[PDB]
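*Asks:* Dropping a structure here in structure tokens format, bear with me for questions.
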Amino acid sequence: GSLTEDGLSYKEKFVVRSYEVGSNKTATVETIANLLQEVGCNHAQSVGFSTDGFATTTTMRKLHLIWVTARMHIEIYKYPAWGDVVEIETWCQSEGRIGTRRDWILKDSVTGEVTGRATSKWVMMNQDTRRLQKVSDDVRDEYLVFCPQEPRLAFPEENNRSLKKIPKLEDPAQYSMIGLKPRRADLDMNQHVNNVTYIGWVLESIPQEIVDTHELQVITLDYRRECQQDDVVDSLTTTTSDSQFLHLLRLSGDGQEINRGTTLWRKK
Amino acid sequence: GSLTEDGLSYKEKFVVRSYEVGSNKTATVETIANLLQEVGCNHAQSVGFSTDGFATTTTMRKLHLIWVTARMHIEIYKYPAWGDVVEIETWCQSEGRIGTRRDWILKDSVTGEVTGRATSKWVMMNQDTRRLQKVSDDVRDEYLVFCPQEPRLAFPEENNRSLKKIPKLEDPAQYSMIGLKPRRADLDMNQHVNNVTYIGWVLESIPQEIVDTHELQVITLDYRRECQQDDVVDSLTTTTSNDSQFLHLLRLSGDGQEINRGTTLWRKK
Ligand SMILES: O=C(c1c(F)cccc1F)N1CCCC1
Ligand SMILES: O=C(c1c(F)cccc1F)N1CCCC1
Ligand SMILES: O=C(c1c(F)cccc1F)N1CCCC1
Ligand SMILES: O=C(c1c(F)cccc1F)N1CCCC1
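The listed protein sequences derive, respectively, from chains B and A. Quick note, the first sequence lines up with residues 75 to 315, 333 to 359 if you use PDB author numbering. Quick note, the second sequence lines up with residues 75 to 315, 332 to 359 if you use PDB author numbering.
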């Protein structure tokens, strides 16, 4: 991978691996999400930011401040097949004192056509107290020189799927997958659960008949709380309708919410 | 990746990814195992085999026969760091009518030194009845032209740790991780649990203090029964021992039917 000619975005090519594909011989949404996360790491390394998923500066490290994902939105038109090369382009943009946004464009290396796109909202948080805070001007100026100055949105449409309010699922849920625990392969280098695992856990409550006859087109996921290594999760789904679903991840014991989201599927 | 000059082995280079590393900022043993599996797929594709992990010929497809892993053995000297390029070389060899063997050599692309090695035993099985069978001569002659004729072993040693008999763990186990279920990310393109998942499940019963102070040097794993998508697994570990050795057992949570048995060796960091 490498920064583009203007140094305001990053591109990387990936060959789809054998263990990265689902039952339709194409990459899973979790493989796509892992690749967006990997290209985001390489963009942060290529410009001197901390490489560990938190994209910190020496100022943030001193203050014990990290960037955390608050929302992930992904739309896939064509899943790359096993052996195919996918080219992902990523860039960041400041959203004032609210936080940062990271966008992605997925393309077929052979045809050059857009096969998918993603957007994510990141917030500043103290790693110890887990207390969110507004972005300070000392921090803003450190990353602004690596962002395009004019708006560059992967999802430009005025009021679109990526910025909608997600409601809380009402009990009883139509579908559920209970007793979900993370293993060591689900943890990152800092022993925290990888944000791609939450996507897999959300999709675990989608019935197999939907997976066998439909393809996932859109997924929006809000991150409210983190799941610890020794926590147990319950995944809940209800049909709100193409097939649309409302999702909810909550701790198995007290029922504390960790995630909420929506998925949209198309008939194959 | 590509077949070597003689067409009797395959090489491929991989860059270690950010989500592929553990707490030490180096590749996990499951990432290594996934890469050996990927280079094995590409070797099978480069010479005309099925590619779905079963390495089948038109003869094997007609008879509903597949190749399945019976044993996996891995020894790692240095785990590649995040960003490092690892070069893996793989080849196959016939073991008479017992089955096939697939071997691997892991090297650092910059230094050219051997950082790891693996060996695996594969058996012929009917897809439907799940009944093992000896390798027929019609099948042998279809893959023998893609194998070295003289023996080429990743583990040559006269007395080596890849061919030892593994005993069955006695209850009560010293350690255990109970209620392990596979999710959709644990399944392959044919909806079966990926062989690498069993390795992760075995390591789940190893206490965190061992993982934090030791590095995994050797892992031997026997595959006895497959875990279905809706099965639940219990992982059991007991210390058999500067080095730490463990005896492992994977069994179904209900009836206690054995699915895997193995051994791990760890050295102090
Ligand atoms: O400060 C950055 C960042 C950037 F603004 C440009 C390039 C690389 C970076 F890590 N980020 C905040 C969270 C999302 C990424
Ligand atoms: O505490 C978290 C969080 C995390 F810090 C890591 C993983 C998942 C999480 F929900 N958040 C609150 C603000 C949005 C993210
Ligand atoms: O028949 C093969 C094979 C081979 F013998 C040479 C090259 C590629 C192959 F898939 N195998 C069966 C078990 C796994 C390897
Ligand atoms: O029943 C299995 C098996 C399988 F066929 C697929 C996956 C895991 C398994 F333990 N075996 C019998 C001896 C060789 C492996």
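For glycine and all other residues, C-beta sits at the position ideal for the given N, C-alpha and C.
Taking only beta carbons into account, state which residues of the stretch 237-258 of chain A come closer than 7 angstroms to chain B, listed in chain order.
*Replies:* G253, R257 and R258
*Asks:* At least one CB of chain B closer than 8 angstroms to the CB of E163(A): is that the case?
*Replies:* Along the second sequence, one-based indexing puts residue 163(A) at 89. Answer no: the Cβ-Cβ gap between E163(A) and chain B never drops below 8 angstroms.
*Asks:* By the criterion of Cβ-Cβ separation under 9 angstroms, what are the contact partners of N268(A) in chain B?
*Replies:* Translated into the one-based positions of the second sequence, residue 268(A) becomes position 194. Within chain B, the residues near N268(A) are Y93.
*Asks:* Going by DSSP in three states, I150(B) sits in which element: helix, strand or coil?
*Replies:* What you label residue 150(B) is simply residue 76 of the first sequence in a count that begins at 1. Residue state, collapsed to three classes: strand.
*Asks:* Where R257(B) and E224(B) are concerned, what is the direct C-alpha to C-alpha distance, given to the nearest angstrom?
*Replies:* Within the first sequence, residue 257(B) is the residue found at index 183, counting from 1. Within the first sequence, residue 224(B) is the residue found at index 150, counting from 1. Those two C-alpha atoms are separated by around 42 angstroms.
*Asks:* Based on the DSSP output, what are the partners of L139(A) in its beta bridges?
*Replies:* Counting from 1 along the second sequence, the entry for residue 139(A) is found at position 65. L139(A) pairs with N200(A).
*Asks:* Alpha carbon to alpha carbon, what distance is there between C221(B) and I240(B)?
*Replies:* As a working mapping, residue 240(B) is identified with position 166 in the first sequence. As a working mapping, residue 221(B) is identified with position 147 in the first sequence. If I take the Cα positions, the gap works out to 29 angstroms.
*Asks:* What residue does the alpha helix (DSSP H) around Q119(A) start on, and which one ends it?
*Replies:* Here the question's residue 119(A) lines up with position 45 in the second sequence. Unbroken alpha helix (DSSP H) run through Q119(A): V103 to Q119.
*Asks:* Could you round the C-beta distance between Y84(A) and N116(A) to whole angstroms and report it? I think they count as a contact, below 8 angstroms.
*Replies:* Reading the second sequence from its first residue, position 10 is the one you call residue 84(A). Reading the second sequence from its first residue, position 42 is the one you call residue 116(A). Contact holds; Cβ gap of about 6 angstroms.
*Asks:* Below 7 angstroms, is the gap between the Cβ of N268(B) and the nearest heavy atom of ligand 2?
*Replies:* To locate residue 268(B), count along the first sequence from 1; it is residue 194. No, the Cβ of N268(B) stays beyond 7 angstroms of every heavy atom of ligand 2.
*Asks:* At a cut-off of 7 angstroms, is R176(A) close to ligand 3 when judged by its beta-carbon and the heavy atoms of the ligand?
*Replies:* Locating residue 176(A) in the second sequence gives position 102, where the first residue counts as 1. Within the cutoff, so yes.
*Asks:* Looking only at its chain, what residues have a beta carbon closer than 8 angstroms to the beta carbon of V267(A), apart from the 5 residues adjacent to it on each side?
*Replies:* On the second sequence, position 193 is the one that residue 267(A) refers to. Taken in chain order, the residues that qualify are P256, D260, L261, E300, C301, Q302 and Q303.
*Asks:* Determine the DSSP secondary structure at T353(B), reduced to helix, strand or coil.
*Replies:* Taking the first sequence and counting its residues from 1, the one referred to as residue 353(B) is at position 262. Strand at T353(B).
*Asks:* So the alpha helix (DSSP H) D211(A) belongs to, where does it begin and stop?
*Replies:* In the second sequence, counting from the first residue as 1, residue 211(A) sits at position 137. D211 to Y217 is the span of the alpha helix (DSSP H), which, as asked, contains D211(A).
*Asks:* Can a CB atom of chain B be found closer than 8 angstroms to the CB of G190(A)?
*Replies:* As a first step, residue 190(A) is located in the second sequence; it is residue number 116 there, counting from the start. Cβ-Cβ to chain B under 8 angstroms: no for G190(A).
*Asks:* With 8 angstroms as the threshold, decide whether the Cβ of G170(A) is near any Cβ in chain B.
*Replies:* Your numbering for residue 170(A) matches position 96 in the second sequence. Chain B, which has no Cβ nearer than 8 angstroms to the Cβ of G170(A), makes this no.
*Asks:* State buried or exposed for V159(B), treating a residue as buried only when at least 16 other CB atoms are found within 10 Å of its CB.
*Replies:* Position 85 of the first sequence holds residue 159(B). When all chains shown are included, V159(B) counts as exposed.
*Asks:* Measure from the alpha carbon of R235(A) to the alpha carbon of each residue in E163(A), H138(A), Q347(A) and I293(A), then state which is nearest.
*Replies:* Reading the second sequence from its first residue, position 161 is the one you call residue 235(A). Among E163(A), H138(A), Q347(A) and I293(A), the Cα nearest to that of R235(A) belongs to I293(A).
*Asks:* Using a Cβ distance threshold of 8 angstroms, determine whether the stretch 96-103 of chain B contacts the stretch 127-146 of chain B, with at least three qualifying pairs required.
*Replies:* Output reads no: the stretch 127-146 of chain B does not touch the stretch 96-103 of chain B.
*Asks:* Assign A247(B) to one of three DSSP states: helix, strand, or coil.
*Replies:* The residue given as residue 247(B) occupies position 173 in the first sequence. If DSSP states are grouped into helix, strand and coil, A247(B) belongs with coil.
*Asks:* Return yes when at least one heavy atom of ligand 3 lies under 7 angstroms from the C-beta of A107(A), else no.
*Replies:* As a working mapping, residue 107(A) is identified with position 33 in the second sequence. No - ligand 3 has no heavy atom lying nearer than 7 angstroms to the Cβ of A107(A).
*Asks:* Helix or strand or just coil, what does DSSP make of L237(B)?
*Replies:* Position 163 of the first sequence, counting from 1, holds the residue named residue 237(B). Looking at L237(B) - three-state DSSP - the assignment turns out to be helix.
*Asks:* Please list the terminal residues of the continuous beta strand (DSSP E) segment that includes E161(A).
*Replies:* By 1-based counting over the second sequence, the position of residue 161(A) is 87. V159 to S168 is the extent of the beta strand (DSSP E) around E161(A).
*Asks:* Report the residue from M198(A), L342(A), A101(A) and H147(A) whose alpha carbon sits nearest the alpha carbon of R171(A).
*Replies:* As a first step, residue 171(A) must be located in the second sequence, where it is residue number 97. Here the closest residue by C-alpha is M198(A).
*Asks:* Nearest chain B C-beta to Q291(A) closer than 8 angstroms, yes or no?
*Replies:* Position 217 of the second sequence, counted from the start, is the residue given in the question as residue 291(A). With 8 angstroms as the cut-off, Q291(A) does not count as an interface residue toward chain B.
*Asks:* How many angstroms separate the CA atom of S168(A) from the CA atom of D215(A)?
*Replies:* On the second sequence, residue 168(A) is found 94 positions in, with the first residue counted as 1. On the second sequence, residue 215(A) is found 141 positions in, with the first residue counted as 1. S168(A) and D215(A): Cα-Cα distance of roughly 10 angstroms.
*Asks:* For the stretch 271-286 of chain A against the stretch 244-254 of chain B, do three or more pairs of beta-carbon atoms, one drawn from each stretch, fall closer than 8 angstroms, so that the two count as touching?
*Replies:* no
*Asks:* Taking the straight line between their C-alpha atoms, what separation do you get for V219(A) and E112(B)?
*Replies:* If you number the second sequence from 1, residue 219(A) lands on position 145. If you number the first sequence from 1, residue 112(B) lands on position 38. Near 40 angstroms, if we compare the C-alpha coordinates of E112(B) and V219(A).
*Asks:* Determine the direct distance from the alpha carbon of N200(B) to that of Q207(B), and round the result to whole angstroms.
*Replies:* Numbered from 1 along the first sequence, position 133 holds the residue referred to as residue 207(B). Numbered from 1 along the first sequence, position 126 holds the residue referred to as residue 200(B). Each residue's Cα considered, the two are about 8 angstroms apart.
*Asks:* Can you check DSSP and say which residues form a bridge with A155(B)?
*Replies:* For the purposes of this step, residue 155(B) is taken as residue 81 along the first sequence, with counting starting at 1. Beta-bridge pairing links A155(B) to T100(B).
*Asks:* Give a yes or no on whether the minimum CB-CB distance between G186(B) and chain A is below 8 angstroms.
*Replies:* Taking the first sequence and counting its residues from 1, the one referred to as residue 186(B) is at position 112. No, because no Cβ of chain A sits closer than 8 angstroms to the Cβ of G186(B).
*Asks:* What residue range is occupied by the uninterrupted beta strand (DSSP E) comprising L337(A)?
*Replies:* Reading the second sequence from its first residue, position 247 is the one you call residue 337(A). Annotation: the continuous beta strand (DSSP E) that includes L337(A) extends over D333 to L342.
*Asks:* Excluding the five sequence neighbours on either side, which residues of its own chain have a C-beta within less than 7 angstroms of the C-beta of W275(B), listed in chain order?
*Replies:* One-based indexing of the first sequence puts residue 275(B) at position 201. Closer than 7 angstroms at the Cβ level, and outside the excluded window around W275(B), lie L254, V307, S309 and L340.
*Asks:* Just to confirm, does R204(B) get its C-beta within under 7 angstroms of one of the non-hydrogen atoms of ligand 2?
*Replies:* Mapped onto the first sequence, residue 204(B) falls at position 130. The answer is yes for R204(B).
*Asks:* DSSP state of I273(B), grouped into three classes?
*Replies:* As a position in the first sequence, residue 273(B) is number 199, starting the count at 1. In the three-state DSSP reduction, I273(B) falls in the helix class (H, G or I).
*Asks:* Whose Cβ in chain B lies nearer than 9 angstroms to the Cβ of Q302(A)?
*Replies:* Here residue 302(A) refers to the residue found at position 228 of the second sequence. Simply none; closest approach about 13 angstroms.
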